[PDB]
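Everything on this sheet refers to the single structure shown next.
Within every chain, numbering begins at 1; the chains are lettered A, B, ... in the order of the sequence lines, protein sequences first and strands thereafter. Read the numbers this way: they start at 1 and go in the same order the structure lists the ligands and their atoms. No hydrogens, no waters, no symmetry mates; every other heavy atom, side chains included, goes into these values.
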Number of protein chains: 2
Amino acid sequence: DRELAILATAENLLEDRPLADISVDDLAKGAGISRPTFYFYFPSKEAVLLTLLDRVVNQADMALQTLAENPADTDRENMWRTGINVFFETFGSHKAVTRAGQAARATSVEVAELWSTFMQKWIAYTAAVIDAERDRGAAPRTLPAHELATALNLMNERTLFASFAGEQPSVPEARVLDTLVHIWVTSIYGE
Amino acid sequence: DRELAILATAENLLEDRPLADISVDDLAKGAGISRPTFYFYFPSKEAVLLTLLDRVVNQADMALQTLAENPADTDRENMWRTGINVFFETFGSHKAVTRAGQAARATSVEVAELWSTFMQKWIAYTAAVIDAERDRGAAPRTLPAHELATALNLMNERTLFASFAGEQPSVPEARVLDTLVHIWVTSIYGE
Ligand SMILES: CC(C)Cc1nc(-c2ccc(C(=O)NCCC(F)(F)F)cc2)cs1
Ligand SMILES: CC(C)Cc1nc(-c2ccc(C(=O)NCCC(F)(F)F)cc2)cs1
């Protein structure tokens, strides 16, 4: 309620500057409440970013769970594309939260642990699907599936987020999905 | 001389704690000089880390230039392995400088610009070799070479450095070279 207003204010302000330049007073004003009233909702501006990141991470996670439960009727290249696309659209639709949440991994144990927990979950699901593809005879038994899954997930983390931030260097945002799908499909199905 | 002693002290202290916990006084003592004498060599402890990172980055760069000028007589999988191995051995032999240098990208424009300049150089060289492989008919014309090169370089950055830091998640350090070579070779030569 007022919680949603604080979160919306923070996501808005993060589009024009870093969390280090946003004061508890800034978040209070945008939500139509006082500073002490802010502390009834959150202990710190750091907790507000942790909550925004938690919401975006869980949105991606539930979108991937939806795809897992509702297999698309398409070839294996388009199957992998739908999965990568969850992360491209979810994080790419919340660039300021993505940028600030990644930066906070350096200074917040809670943000680092959240990121680590979900990356472990997404890697495990990737490996399980590679294993299923090997079990059905579509993919060759090359690298250990979990190691391959880990490197492909870390590739997507660095490459998506560099593209969203317009880093130099980066893959243009309009090319990054096709780029990652190519590398996933060749490395999963290639002898 | 005393410069080399300051650099060695800093690389030593970075193995047990972050630069934020190392004082100009710490570096001065280990080099056998006073604090004001330290400032004759470097303006800041941040400049000392910038110099250590510059040395390691240039070591990798010159090792890659050496391989480029002295082609190994081996198959294309071993050719790509020798190149990735430059980064695995160079950065993997200087883990504390790697970890601290990557962390400083967030707060030092000079460190960010150094990292960006060399990543651009290594990506450009990767693309030129993929192009040569396509020109000779060994690799298929799939993705734009520069986009493929960028994603493979960013994969190696995130995956090598997570492995060196023992992040969760990470590829074990003893598996990371084979993991990356597989992904490079399948994505470069795969239809
Ligand atoms: C859904 C099925 C049909 C296809 C599948 N897709 C995935 C999948 C998992 C993780 C990521 C990813 O991009 N990780 C990195 C996330 C990031 F936020 F770090 F980028 C991409 C794809 C697993 S099984
Ligand atoms: C030498 C020939 C025979 C094979 C070749 N190898 C490369 C090559 C370039 C960059 C990286 C890399 O790992 N970048 C990322 C660097 C990092 F420090 F970020 F990890 C790996 C391989 C280019 S042509």
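Using a 4.0 Å cut-off between charged nitrogen and carboxylate oxygen, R158(A) and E157(B) count as a salt-bridge pair. Under the 4.0 Å criterion applied to side-chain N and carboxylate O atoms, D131(B) and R141(B) are not assigned as salt-bridge partners.
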task = Go through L180(A) and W80(A) one step at a time and tell me if the side chain to side chain contact (heavy atoms under 4.5 Å, CB included) criterion holds.
result = CA-CA 10 Å; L180(A) 300 171; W80(A) 288 107; over 6 Å; no
task = Check the pair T150(B), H146(B) against side chain to side chain contact (heavy atoms under 4.5 Å, CB included), reporting the backbone distance first and the verdict last.
result = CA-CA 6 Å; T150(B) 298; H146(B) 193 274; 3.8 Å; yes
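For the pair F118(B) and ligand 2, no heavy-atom separation below 4.0 Å is found. Every heavy atom of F88(A) sits 4.0 Å or more from the atoms of ligand 1.
Close approach to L160(B) involves these atoms of ligand 2, each under 4.0 Å from a residue heavy atom: 20 (F). Atoms of ligand 1 found under 4.0 Å from any heavy atom of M119(A) (numbered from 1 in listed order, with element): 19 (F).
Atom NZ of residue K95(A) and atom CZ of residue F161(A) lie 11.0 Å apart, to the nearest 0.5 angstrom. A distance of 5.5 Å separates CD1 of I188(B) from CG of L152(B), quoted to the nearest 0.5 Å.
Heavy atoms from both the backbone and the side chain of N153(B) come within less than 4.0 Å of ligand 2. Contact annotation: for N156(B) versus ligand 2, heavy atoms closer than 4.0 Å belong to both the backbone and the side chain. Contact annotation: for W115(B) versus ligand 2, heavy atoms closer than 4.0 Å belong to the side chain alone.
Of all protein heavy atoms, the one lying nearest to atom 6 (N) of ligand 2 is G83(B) CA, 3.6 Å. Looking from atom 24 (S) of ligand 2 to the surrounding protein, the closest heavy atom is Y125(B) CE2, 3.3 Å. Remark: minimum distance from atom 21 (C) of ligand 1 to any protein heavy atom is reached at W184(A) CH2, 3.4 Å. Counting only heavy atoms of the protein, atom 3 (C) of ligand 1 lies nearest to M79(A) CG, 3.2 Å.
Counting only distance, with no hydrogens or angles, the side chain of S187(A) and the backbone of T186(B) share no donor-acceptor pair below 3.5 Å. A donor-acceptor pair under 3.5 Å is formed between the side chain of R99(B) and the backbone N or O of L14(B).
The shortest N or O to N or O distance between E157(A) and ligand 1 is not below 3.5 Å. Taking only nitrogen or oxygen atoms, main chain and side chain alike, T126(A) does not reach within less than 3.5 Å of ligand 1.
Nearest to atom 5 (C) of ligand 2 by heavy-atom distance, out of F87(B), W80(B), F161(B), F91(B), is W80(B).
Ring geometry for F42(B) against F38(B) counts as tilted: the plane angle lies between 30° and 60°, on a 0 to 90° scale.
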